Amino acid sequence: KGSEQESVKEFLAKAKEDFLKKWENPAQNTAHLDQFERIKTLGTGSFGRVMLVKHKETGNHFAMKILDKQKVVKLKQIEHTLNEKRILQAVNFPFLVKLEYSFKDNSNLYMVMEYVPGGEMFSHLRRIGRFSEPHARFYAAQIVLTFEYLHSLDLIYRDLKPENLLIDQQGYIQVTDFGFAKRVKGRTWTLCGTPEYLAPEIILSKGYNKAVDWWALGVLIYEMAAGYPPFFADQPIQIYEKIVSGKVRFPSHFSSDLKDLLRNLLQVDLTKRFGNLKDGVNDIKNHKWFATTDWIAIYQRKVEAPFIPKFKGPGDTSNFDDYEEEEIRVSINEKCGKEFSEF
């Protein structure tokens, strides 16, 4: 807000200086495997397994992502895993997960983050059904500020979905999974993301920019307030078919202000897409749907969260689904050491 737009511009100029110093000088092997006791698996994905861990020497719990180097290789994720780690240690925002330590050994790569105990937003959304517009707006505003922050550092995030958003103690979001995140000034071409959330430009095999994230926010707001994603089917081939068509049907209960904003984000013509216009983010921020949002209070965490998760002591994992436990083997021979030398 004029004075506030200046404060934001000046903020970001300075945060950019901090990001560059860490991006240019990354921290390496800040721990080893044996300082940690592995409690249980908090969640899994196509690539990694995150575990609740305890530091033996300090009694502190963290969340540890484990990637098998032989799998990173077969899945074509070498440069992506290196981006993930390099960006995550250089970033610093209230809504993003904190990377404490990282290290590797003969078999795996390890990233040790702050343990976010409230569960995935996914969990809570599916249990409850759908969120109310004011609840949906509370979270959308956090992601709006996060993207503004990331994009100004020349970063595309690329995997926005309820499964990658976690709920902290205060009921505020922490974005995890930087696996597709990339510092890029021009266009980029990798087919990557999650089916329902893919912008039509990715599907179409076109170069894309930071607008993919804004499309993803349209998909996320729709899913949080309807309780289902705008484009769904049984097979991925059917969702893509739907994405590219461009036809969105809103539930009757969405406000006209909500439908207006989503038509602006779920804009198939990246030219007309909000967040990619001359004004950028201020289009989304000054939308009538966010007229009540005090962007500063949300940034400062001064707003009372609509939902607070309950826990009963540390390592308390009740907010997460249960997963089958795998034993993690470390080979007697170093696997793919050349490809991961900077990690």
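In case it trips you up, residue 1 is the first one in the sequence shown, and so on.
*Asks:* Which is higher on average in the deposited entry, the C-alpha temperature factors of 89-97 or of 198-206?
*Replies:* According to the PDB entry, the answer is 198-206.
*Asks:* Read off the CA B-factors in the entry, average them over 294-302 and over 311-319, and name the higher stretch.
*Replies:* Going by the record's values, the stretch with the higher mean is 311-319.
*Asks:* Taking the values straight from the PDB record, which of 277, 66, 53, 42 has the highest C-alpha temperature factor?
*Replies:* Among 277, 66, 53, 42, the highest C-alpha B-factor in the entry belongs to 277.
*Asks:* Take the CA temperature factors straight from the PDB entry and tell me which of 140, 265, 244, 72 peaks.
*Replies:* Among 140, 265, 244, 72, the PDB entry lists the largest C-alpha B-factor for 244.
*Asks:* Classify residue 16 as lowest, middle or highest third according to the C-alpha B-factor given in the PDB entry, relative to its own chain.
*Replies:* CA B-factor rank for residue 16: lowest third.
*Asks:* How does the C-alpha B factor of residue 234 compare with the rest of the chain: lowest, middle or highest third?
*Replies:* Highest third, going by the recorded CA B-factors of the chain.
*Asks:* For the chain shown, is the CA B-factor of residue 116 in the lowest, middle or highest third of its modelled residues?
*Replies:* Tercile = middle for this residue's CA B-factor.
*Asks:* Report the third (lowest, middle or highest) to which the CA temperature factor of residue 169 belongs, ranking only the modelled residues of the same chain.
*Replies:* Within its chain, residue 169 is a highest-third residue by C-alpha B-factor, going by the deposited values.
*Asks:* Splitting the chain's C-alpha B-factors into thirds, which one does residue 257 fall into?
*Replies:* Residue 257: CA B-factor falls in the middle third of its chain.
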